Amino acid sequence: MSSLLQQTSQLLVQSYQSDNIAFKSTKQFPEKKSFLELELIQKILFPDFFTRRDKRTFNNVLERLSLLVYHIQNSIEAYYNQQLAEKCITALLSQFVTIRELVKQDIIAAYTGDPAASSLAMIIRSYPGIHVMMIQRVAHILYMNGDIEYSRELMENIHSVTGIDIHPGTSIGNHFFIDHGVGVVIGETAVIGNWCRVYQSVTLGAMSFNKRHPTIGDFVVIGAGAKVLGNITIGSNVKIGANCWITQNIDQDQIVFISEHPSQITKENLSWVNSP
């Protein structure tokens, strides 16, 4: 409905104005190409960082939001019907400013959680853990309103570009930060709390061989390469060391780490190019 696109675009413009200045910029950053939904959602959520200086008006918001919605409608129709597409888009449109506020808190969590994060522009423009969450919070609305096929395709699109695999059904709290992220897998029935931090190669997955994925409390940190598997619960304030294999419930305020250290035992160019 044209009326919903227009109402949502004005709500978005209001959201831009009440932004903290940290989320603003007078600069004109270079073009970022990726794929359609991400390019558009980036522009819609944070135009200052992804658009030409002259294309940051209400009409540009309306055009971009309309391109996004029409593409989403055509895809949901291809897998399902017009009736379901409309229901999904309506829900998405009503949720868009809420999504935008959630993505801002993800960005805040990245700046807080990463010593290498120097500014919000760096995080917004280049942190893949942020871009996966821009797409996931949109895809999750679609999934929850009955579209499980396009929402999965959407997540597989961002999966391809970041190496981060999050199912559209995953339920994720606020201030969620994935650092680096390549190899991260989070399954359909997983539940994640607030202020969680997750590193590369972490799996929140099903047992190797209904609810079949982990639930994670608040303020949980999961170190690189940990594999957290099965319908289990990690309590709040848990820290999980790198490469742990975790298949059991873990109580709150715990620290989990591989038990023991490994074993240690002791002990030009022309030549190399002469051999080929």
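All residue numbers are counted from 1 along the displayed sequence.
Counting the deposited residues that fall between residue 267 and residue 268 and carry no coordinates gives a value of 10 or more. Unmodelled residues of the deposited sequence between residue 209 and residue 210: 10 or more. Legend: mean Cα B-factor per stretch from the PDB entry, 113 to 121 versus 75 to 83; the higher mean is in 75 to 83. In this crystal structure, the stretch out of 245 to 253 and 218 to 226 whose C-alpha atoms carry the higher mean B factor is 245 to 253. Across 213, 64, 239, 32, the greatest Cα temperature factor reported in the deposited entry is at 32.
Sort the modelled residues of the chain by CA B factor and residue 171 lands in the middle third. Per the deposited record, the Cα B-factor of residue 165 falls in the lowest third when ranked against the other modelled residues of its chain. Sorting the modelled residues of the chain by their CA temperature factor places residue 90 in the highest third.
Split the chain's modelled residues into thirds by C-alpha temperature factor. Residue 49 is in the middle one. Among the modelled residues of its chain, residue 106 has a C-alpha B-factor that falls in the lowest third according to the deposited record.
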